[PDB]
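Asker: Show me the folded form of this:
(chains A, B and C)
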Amino acid sequence: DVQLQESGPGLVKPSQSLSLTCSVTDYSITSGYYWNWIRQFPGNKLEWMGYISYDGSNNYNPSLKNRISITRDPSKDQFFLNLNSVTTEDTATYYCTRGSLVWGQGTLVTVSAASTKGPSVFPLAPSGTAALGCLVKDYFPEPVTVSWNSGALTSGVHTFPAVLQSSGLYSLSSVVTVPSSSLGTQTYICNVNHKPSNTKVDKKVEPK
Amino acid sequence: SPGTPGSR
Amino acid sequence: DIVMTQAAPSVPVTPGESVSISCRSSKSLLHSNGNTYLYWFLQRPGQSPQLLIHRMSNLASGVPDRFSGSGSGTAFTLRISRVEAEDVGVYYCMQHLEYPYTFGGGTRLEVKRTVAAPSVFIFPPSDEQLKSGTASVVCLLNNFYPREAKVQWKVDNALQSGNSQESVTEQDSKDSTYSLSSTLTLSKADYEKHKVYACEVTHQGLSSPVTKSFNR
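Answerer: Numbering: from 1, shown residues only, chains lettered A, B, ... in the order given. See below for the structure:
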């Protein structure tokens, strides 16, 4: 089946260029269709950026026409987005699409002059059922992923959306509700992954 | 047509 | 540019029942070829948007037939019959008549369920964090419905303001509930000056506002 996948950096500095690639599997980009870039801002507003057609002809959103370039490599079934002179306003999740029907998974790009920073991981200790968790604090940029007991624990897990603190660093909590009688039989370890900083942290959470 | 052109 | 408007930010719906979502355009989307160029998308939490309806009333490939579209000129409706848990997310209309293609602001579909009170937990700052000079106090509200919930931080019976941040999960598909995390952030110095830390929760499912607290 036809599938699309975005690739590129997750963090770009202002004034520099954003360069994303859409790799198309099981379809030749010369065979038909428009091949679009669509982005979604924080807050969820969607914007159509432009397309490249099956013949390589472009069509750009007028609001971006001066900064944007959409090109392709038919021999590799790839098409590209280049956005010049980026600002903080270009922070968004970028999707490539074939027409309106086939979508990539999206890739988050943060535009900021701030340095990559790994999280601190603090326990939220448990005081029928007991709640416990991990506070994943002071990381940049998004995203982090959190699993519990290496993925063996999924039931009752809530990993909250990150909040942007005034410092410009993110914070989130991941919690799990658990039988209070299992606190002495099963250990609870949160596995925190922050790919942008190459950080992997396992934190054991035990009763206070 | 304003729609996405399909396979040629 | 054509301006697309979705008047409703969200709509609640009982599972098994039907719901209509409205969209409007600033210009007619009818073309001389007879088609009206209005598309509908659903974006489920954590997922890419997916096409539901193209050209106003045509069901897209691989989409359940409980989704249908109708309209005329500048007014359009997506109907979802027999709403199920998998239908939660944000529904967007998009005009496809003229470049640039433009999207409505979206309408979130909420599954309506019985009122559920949150289970509330308070977490003091860890000893590890307290070394850093900052103290984070966390209040957890677990598995509640509806979404509206007030969290009041009280430090020695004094009402806090502008020193906490909240986060809410997307409506899940296992029990149609929300969960909420509230983090009170203080300096270690300010934290150690006080004793009683309290999180007061107001919610429809509670008989009265519930307070969870600890002594430092």
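Asker: So which residues on chain B come close to chain C?
Answerer: Contact residues (CB under 8 Å from any CB of the partner chain) of chain B with chain C: B:1, B:2, B:3. The C-beta positions use only the backbone N, C-alpha and C, and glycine is treated the same way.
Asker: Would you confirm that the first one contacts residue C:34?
Answerer: Put plainly, it is residue B:1. No. The pair residue B:1 / residue C:34 is not scored as a contact, 10.9 Å apart, by CB atoms under 8 Å.
Asker: Run through the residues of chain A sitting next to chain C.
Answerer: Going by CB under 8 Å from any CB, the residues of chain A near chain C are A:44-48, A:50, A:59, A:61-63, A:95, A:100-101, A:103-106, A:120, A:122-125, A:127, A:129, A:131, A:133, A:135, A:137, A:158, A:160-163, A:165, A:171-173, A:175, A:177, A:208.
Asker: Write the PyMOL selection for whichever of the residues of chain B next to chain C are buried.
Answerer: Listed next is the PyMOL selection for buried residues among the residues of chain B next to chain C, using 16 or more other CB atoms under 10 Å in any protein chain shown:
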select buried, chain B and resi 3
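Asker: If we only consider the residues of chain B next to chain C, which is nearest to chain A?
Answerer: Distance to chain A, by CB to the nearest CB, is smallest for residue B:3 among the residues of chain B next to chain C, at 8.4 Å.
Asker: Please verify my assumption that that closest one contacts residue C:38.
Answerer: No. The criterion here is CB under 8 Å, and residue B:3 misses it with residue C:38 at 11.7 Å.
Asker: Nearest residue to residue 8 in space, please, no chain neighbours.
Answerer: Answering for chain A, as no chain was given. Leaving out its chain neighbours, the residue that sits closest to residue A:8 by CB to CB, 6 or more residues apart in numbering or on different chains is residue A:20, at 4.0 Å.
Asker: oops, chain C please
Answerer: Leaving aside its chain neighbours, residue C:8 sits nearest to residue C:107 (5.0 Å; criterion: CB to CB, 6+ apart).
Asker: Is residue B:5 in a helix, a strand, or coil?
Answerer: With DSSP: H, G, I helix; E, B strand; the rest coil as the basis, residue B:5 sits in coil.
Asker: show me what contacts it?
Answerer: Neighbouring residues of residue B:5 by CB atoms under 8 Å, 6 or more residues apart in numbering or on different chains: A:32, A:33, A:34, A:53, A:54.
Asker: ok, 10 Å please
Answerer: Listed by CB atoms under 10 Å, 6 or more residues apart in numbering or on different chains, the contact set of residue B:5 reads A:32, A:33, A:34, A:53, A:54, A:55, A:99.
Asker: Any chance of those residues in TSV with secondary structure and neighbour count as columns?
Answerer: Below are the contacts of residue B:5 laid out as TSV (DSSP: H, G, I helix; E, B strand; the rest coil; neighbours: other CB atoms under 10 Å in any protein chain shown):
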residue	secondary structure	neighbour count
A:32	strand	18
A:33	coil	24
A:34	strand	19
A:53	strand	18
A:54	coil	19
A:55	coil	10
A:99	coil	20
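Asker: would you turn these into TSV with distance to chain B?
Answerer: Listed next are the contacts of residue B:5 as TSV, based on distance: CB to the nearest CB, whole Å:
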residue	distance to chain B
A:32	4
A:33	6
A:34	5
A:53	8
A:54	7
A:55	9
A:99	4
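Asker: shared neighbours of residue B:3 and residue C:38, anything?
Answerer: With CB under 10 Å, 6+ apart as the test, residue B:3 and residue C:38 both reach C:54, C:55, C:96.
Asker: could you dump these to JSON lines with neighbour count, secondary structure and distance to residue C:116?
Answerer: Conversion of these to JSON lines gives the following (neighbours: other CB atoms under 10 Å in any protein chain shown; DSSP: H, G, I helix; E, B strand; the rest coil; distance: CB to CB, whole Å):
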{"residue": "C:54", "neighbour count": "25", "secondary structure": "strand", "distance to residue C:116": "38"}
{"residue": "C:55", "neighbour count": "20", "secondary structure": "coil", "distance to residue C:116": "41"}
{"residue": "C:96", "neighbour count": "25", "secondary structure": "coil", "distance to residue C:116": "41"}
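Asker: out of those, which one sits closest to chain A?
Answerer: Closest approach to chain A among the shared contacts of residue B:3 and residue C:38 (CB to the nearest CB): residue C:54, at 6.3 Å.
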